[PDB]
Every structure is written in structure tokens, then in C-alpha cells.
Amino acid sequence: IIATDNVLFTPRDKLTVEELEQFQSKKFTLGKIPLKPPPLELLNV
Amino acid sequence: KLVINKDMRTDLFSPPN
Amino acid sequence: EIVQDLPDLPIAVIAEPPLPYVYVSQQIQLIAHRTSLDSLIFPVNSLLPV
Amino acid sequence: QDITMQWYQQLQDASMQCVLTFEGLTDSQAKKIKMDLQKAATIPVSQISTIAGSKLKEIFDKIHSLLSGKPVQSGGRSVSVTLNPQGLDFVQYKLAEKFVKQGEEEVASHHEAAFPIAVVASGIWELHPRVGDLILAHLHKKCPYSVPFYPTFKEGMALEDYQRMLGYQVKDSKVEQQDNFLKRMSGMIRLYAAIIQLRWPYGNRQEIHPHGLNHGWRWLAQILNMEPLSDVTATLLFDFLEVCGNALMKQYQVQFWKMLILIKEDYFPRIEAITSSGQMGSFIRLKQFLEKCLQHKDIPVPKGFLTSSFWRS
Amino acid sequence: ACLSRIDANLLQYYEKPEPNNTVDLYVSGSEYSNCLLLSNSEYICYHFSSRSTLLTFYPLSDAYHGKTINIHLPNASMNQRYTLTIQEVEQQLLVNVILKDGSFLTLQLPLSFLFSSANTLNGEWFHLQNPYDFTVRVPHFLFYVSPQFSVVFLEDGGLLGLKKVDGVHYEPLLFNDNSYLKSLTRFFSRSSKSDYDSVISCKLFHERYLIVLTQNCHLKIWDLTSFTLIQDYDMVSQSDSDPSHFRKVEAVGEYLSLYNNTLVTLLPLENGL
């Protein structure tokens, strides 16, 4: 069976500093939305 | 200096191009 | 009135607001203080009857 | 999008390996078997739209039975797959494609039928993950906009071959229209947008969703980080958010609204430039759907969503 | 003059020149209009717009308070209302429309929905479909025969059959046609833009017989049991055979209607026969 990703919320540590600051911003940046889902800490940020 | 011209405007409710 | 009766508001509507004549006269006051009543946008002969 | 295209290729070439495993199925009785499996593996999916939820479990078990090895009633005589290794690999292929064909020739015409078909596809995917990879394989080829990836016009290959990549249905003679093609593409992702949010209730499943709602967040992110196509993007974006915007709002409270107060400011002006006034029908309704939701701060439940009343009567 | 004209603007009594309850359905009226009587003794009106991109329905007897429904079409029909049919099957307005690109669109509008308050519609109210390749041989006239069966007429002169198997899918049941062989003559070509003797009017008789009028005013008669040409009358060779000018009809129109077993036909001789 083929590889597929099964994470609802990606962990904070495994996520890059680029995407980390995207989730923490009050507004997104066009063309730079992270593909991975947000983490659990930032669901009310 | 104000000049009202309802004739030719730009649709404020439609995107450009 | 829908909140005080149990219903659900339209989607994306943030839930005793002033009677309409109160909010209307708030609008007239805000303009009057900004224009000072000496303006031609306060012709009392036409605006008071309206 | 190398990460996605690699995964895209895996499901594609891995389904092609399945195209090779049963080439022997391609005698007088051997043809009767092929039809009996192709028949007893696509009728049940066609009845999912036309049944009561109380009875909908009958089709799920009938698919699960036929596919797990047990026998199933097809016509008068009983059909089975036990000790039929090519018949087993043959039924998973036709089953996975029939789920997509139904999203192609029924969900396109009637948007409500996506949800009763999605729950059944979601439960079978859950019990048989190989069927799910075949479901993604056909969905991906027939609808590359669900990967998502926009195929580019290339030099060195014929034009007709390129139009098929875009998902245009072509007879040997000519290509299908655009209006009927946009409907086929819509219905296919409304089905997919329903699959990633619904879960088969019965069975007592310990584990996670097979193709979870996480794939719904990236899809929106992955099409908005690339330049939009003129008419497809504005259409498919709407009928995706209408189907899966509610389930995505609940899971990602603040991150989803940030993505929604973005399209209005940045991605919507982008669509106005690329599209002439003659075909603005996609972008114009993309805003009518939002303006309500934006001030309502809520996305309506998709019209046709399954409720508890459905599962009893 | 034994009759007079009474004009009725159904909105005349009201200030709003449009019903508050208007609903716009979308699919992924000043060019044709008609009325049709339904099971509930009510008349439904419909309009096909100038562009043949918009279909509109409203209840004759309740135009203002009742619901008008605008159904928007992805593209225009192949040949205006002549490529459109509307019949009440079973508690539903069944509407079929061959579109310009070749698609065959089906609409299912529940009777209830037409007289309800609802601004929403559930279930598959429309089906797109490509049963034949109309890119090569372009059709121009669609004629309803039954809930499952109806024939298509082509510009070149050929008839196509369209049989419904399940509830949705349609398949071409072709008719035997040897009319084309007049191509063999020096007076006609297959490739010619003229020479077509296409159908301009058509009626169903006793469920089985299909009476067609052609541009050269031939009355051909097709038996749907046989799917065979039974009759072929030249309507014009009866009256004064004018060698000067008989205007071969250059468009689909209402050139015949039958009552019981009688049948009137409109032939053009100074537009008067």
C-alpha cells in the first residue's frame, strides 16, 4: 500500500520556522500558506 | 472642486481585468 | 428578539439595541459635531420637516 | 509540489501495476465470470442514492461481504471471490472506479448524493485501504484538480492527448463541452470533499479516518498558493467550501478564518484579472457564498448532509 | 370581428414590478413563452430567454405572491426552444435540452417545488450527458414521444432515436434512412449546404405514428413500431403546381396541428395554404 500522511495536527517541533511564523500571524501571506495542517497550540492564535 | 459623474465609473463590487 | 426567544441567527451574525429613532439621531449628532451646524448640510428649513 | 506529485505518481503507477496483475482476465465461461464480478461490484454503488438510511447498511455489508471473500447475491445464482486472486484484484479496481463514476455522472447532476456515497466509500476505504488507494488513483487521473495539480500545455504531444489530461471526456471523435466538463469536475470533488469529513458509523472502529480531514486543509492551501485557472478554480473552490467548509471550520477554528479573510482581499482580485466578463459565473457566486458566511461567521451545513433522521427512516 | 383583445399584465395591481419570491437555480425571457396545464389544475408559464440561456417558470394564477424560478444554463441550446422539451412526467416538470456543445441536459423540477415557498432544491434536479456526437451531424429539432423515448431531427435530414434505459441514461436508436441516396443524382450533394430537406414540424399520432413535415413540404410518416418510413406524400403536387416559386420552409415552425384524425398543414404560396 502506498505512502500517505495521517496527521490531523502536525507537531510543533517537526515544523519549520517559516511555517511556524505563518501560523502565529494574525494574517496569512499569499503564496506561502503551509501545506501541513496547523498544530494544537495555534488553534486559537 | 467637486464634479459628480455617475456615468463612467469602476464597479466597486467587481474585480479588475 | 430571536436570541431572547431561542431561535438561531443567520450564519455569521454576531448576536437591547437602540430603537431606530435613537440610532438615527445618533447619526445626525455625529455629523453635526463634525460640521458644526453652520454648514449647508443643515438647512433646518428642509431637514427638520424630513 | 514535488512532494505531492511524487505521492501522485505512486498511486498512479501503483494502480498501473494493478492493470498488469489481472491482464489474464482481459474462454466462453471466463467472460461470464468477468461480467459477473464487474456486475456484482457496481450495481450496489448505483443504489446508494436511492435507498433509505435504515437500509443503507445492506449495501455496505454486501460490498464488504463480496470483497472480504464472502458470497453475494447477483441475479439468481450466487457469486464469490474466494480463491479468486484476480477476481479480488479485479473487483477492487472496478469498485474504486464506480465510486468515482458515480461522483462523475450523478453527483454532478445532483449535489445531495455526494454524502450517502461518501460514507459508504469512507467505510470501505477504512476496512480495505487498498480500495482507497485505487479510489485516489482514478479520482486523480479523471480529476487532476483534486490532487491538486494543473497540467500544463506541452510541446511534442498531440492536443487531444493533452485535453484528456485536463479531464475532458473525449469520444474517439471529439472532446466534450466545457459546461458538462465543469459539472463532472464539480461532482467529483464534492464527493471527495464529503469523503474527507464523513465516517461510517457502524462497526466500532478504533482507528483514524482513512483519508482524514487533514487532506482538506492542504488542498485549499495548495490551490491558493498557485496562480488560478480562469473558470475551473473559482468553481471548484466554491463547491468544495460549501461541502467541507463547515467541517473545516470546527477542526481549525482560527486558522480557517484567517485563510477565508485572505481570499477576499488577495485571491479574489486575482480571479477578476484572468477572467473576462463573459464567464464570471464562477467567481460571482464564490463571493455570494462568502459574504453571508463572513458576516454570519458560520458556514451552512451542506444541503444534503446526512442526519440521524436519515439513519432511522 | 367577433373577438376582442383583453390585455393582462399579471403584476398590474402591485407596485413592485417583480415578485419578491424569485429563485435563481444554476446549472454546472423574451424569445419564447408558453403555458402548460398540470395535474393540479394550475397553469405554469415558462419563458426561454433571447439567448436561450435562461428558462423561467411562474404560476399563471399567482404571479405576484407565487414563486418565479429562473434556471440558468451553462450555454445556449443548439437551436433555441426547438431543441427544448417540457412535459409533466409524474409529479415533476421534466425538461430536456440539447445544448450547443452537444450535451443533452435533463432537468427534474418537482411539482411541489414549483408551488412551494422554498428557495432551495434538493437532489439531482439536473443531469448532463453526451449520448451522441453532435459535432459532426448537427441536430436542430427535439421532439418528445414518451417519458423514456423521444426522437432527434438533424439538419442534414436524418433522424436519431433516443431510448431511456434506467432513469437517466439515453442511447441512439437509429432509423433506416435511404433518402440520402438522392446524392447520386447531379441535382444533389451530401456536401452541399443546400439540398437538405430537414423536418420543420412534427406530431405524434396514436402513440406510434410520427408525422413529419419537411422543408420541401413533404409529409413523411414514420412507424415507431417498425422504425420504418411508411408514407411519403408530396403536399404541393396537389394544388396548382407553380413553377415560379414555392418557398421551401427555411426554419422550424408551427406548420401543422392535428385534433382527432384530422390534420391541417400550412403550405407557403404567398404564405397562404
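Residues numbered from 1 in each chain as written, not as in the entry; some residues may be left out. Chains lettered and ligands numbered in written order. Part of a larger assembly, values for the part shown. Heavy atoms only, no water. Residues with missing side-chain atoms left out of burial classes, pairs and counts.

Chain E appears in the PDB entry as NUP160 from Homo sapiens.

Looking at the PDB entry, chain A carries the name NUP42, with the source organism given as Homo sapiens.

### Description of the sheet that holds strand β1 (residues 22-26) of chain E
Residues and elements named next belong to chain E. Read across the open sheet, the five strands follow the order β1-β5-β4-β3-β2; overall the sheet is mixed. One side of each edge strand has no neighbouring strand; the edge strands of this open sheet are β1 and β2 (32-37). Sheet twist, expressed as the average angle between the axes of neighbouring strands with direction ignored, equals 20 degrees. Taken together, the four bridges between strand β4 (residues 54-59) and strand β5 (residues 68-72) define a ladder with antiparallel strand orientation. The partner of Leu-55 across the bridge, within β5, is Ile-71. (Pairing = 2+ DSSP bridges. Helix = DSSP H or I, 4+ residues; strand = E, 2+ residues; numbered from the N terminus. Axes fitted to C-alpha atoms, helices over the stretch in contact; angles between N-to-C directions.)

### Some thoughts on a nonpolar patch on the surface
A surface patch of nonpolar side chains, about 330 Å² in accessible area, is lined by E:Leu10, E:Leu37, E:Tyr43 and E:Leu60. By the secondary structure assignment, E:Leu60 is in the loop between β4 and β5. (Patch = residues over 30% accessible without salt bridge, like charges linked within 9 Å, V, L, I, M, F, W, Y side chains within 5 Å. Areas by Shrake-Rupley, 256 points an atom, 1.4 Å probe, with all protein chains shown as cover. Salt bridge = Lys/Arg side-chain N within 4 Å of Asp/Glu carboxyl O.)

### Considerations on the interface of chain D and chain B
At the interface, nine residues of chain D touch five residues of chain B. Taking both sides of the interface into account, the surface hidden between chain D and chain B amounts to around 440 Å²; carbon and sulfur atoms contribute 51%. Sorting the residues of chain D by area buried against chain B places D:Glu272, D:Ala273 and D:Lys287 first, and these three jointly supply 76% of that buried surface. Between chain D and chain B we count zero salt bridges in total. Inspection of the chain D/chain B interface yields three residue pairs in polar contact. For the side of chain D that touches chain B, the elements supplying multiple residues, two or more each, are α12 (253-274) and α13 (281-296) of chain D. For the side of chain D that touches chain B, the element with the highest residue contribution is α12(D), accounting for five residues. Taken together, the residues of the side of chain D that touches chain B sort by class into six nonpolar, one polar and two charged. (Contact = heavy atoms within 4.5 Å. Buried area = accessible area lost by both parts, 1.4 Å probe. Polar contact = N/O pair within 3.5 Å; in protein donor to acceptor, adjacent residues only side chain to side chain. Nonpolar A, V, L, I, M, F, W, Y, C, P; charged D, E, K, R; others polar.)

### Concerning the side chain of E:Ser198
Residues and elements named next belong to chain E. By the element assignment, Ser-198 lies in the loop between β13 (170-172) and β14 (199-205). Residue classification places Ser-198 among the buried positions, given a relative accessible area of 5%. Dropping the residues within four chain positions of it, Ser-198 is found in contact with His-140, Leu-154, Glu-155, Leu-213, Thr-214 and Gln-215. (Buried < 20%, exposed > 50% of the residue type's maximum accessible area, 1.4 Å probe, protein only.)

### Quick word on the environment of D:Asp172
Along the chain, D:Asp172 turns up in the loop between α8 (159-165) and α9 (179-195). Through-space distance from the C-alpha of D:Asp172 to that of D:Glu160 is 9.9 Å; in sequence the pair is 12 residues apart.

### Describing the environment of E:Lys248
All names here are of chain E. Along the chain, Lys-248 turns up in the loop between β17 (228-234) and β18 (256-258). When its relative accessible area of 26% is taken as the criterion, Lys-248 is described as partly exposed. Sequence separation between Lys-248 and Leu-128 is 120 residues, and the spatial gap between their C-alpha atoms is 35 Å. With residues near it in sequence (within four places) discarded, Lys-248 still touches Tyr-196, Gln-215 and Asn-216. At 3.4 Å, the side chain of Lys-248 and the backbone oxygen of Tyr-196 are in polar contact.

### Thoughts on the interface of chain D and chain A
Taken together, the contacts link 27 residues of chain D with 28 residues of chain A. Taking both sides of the interface into account, the surface hidden between chain D and chain A amounts to around 2,500 Å²; carbon and sulfur atoms contribute 64%. Its largest share of buried area at the contact with chain A, chain D owes to D:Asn225, D:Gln255 and D:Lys258, together 22% of the area lost on that side. Applying the counting criterion to the chain D and chain A interface returns zero salt bridges. Inspection of the region where chain D meets chain A yields 10 residue pairs in polar contact. Residue assignment for the side of chain D that touches chain A shows that the elements contributing at least two residues are α1 (2-21), α7 (129-142), α10 (214-224) and α12 of chain D. Sorting elements by how many residues they give to the side of chain D that touches chain A places α12(D) first, with eight residues. Along the lines of polarity and charge, the residues of the side of chain D that touches chain A split into 13 nonpolar, nine polar and five charged.

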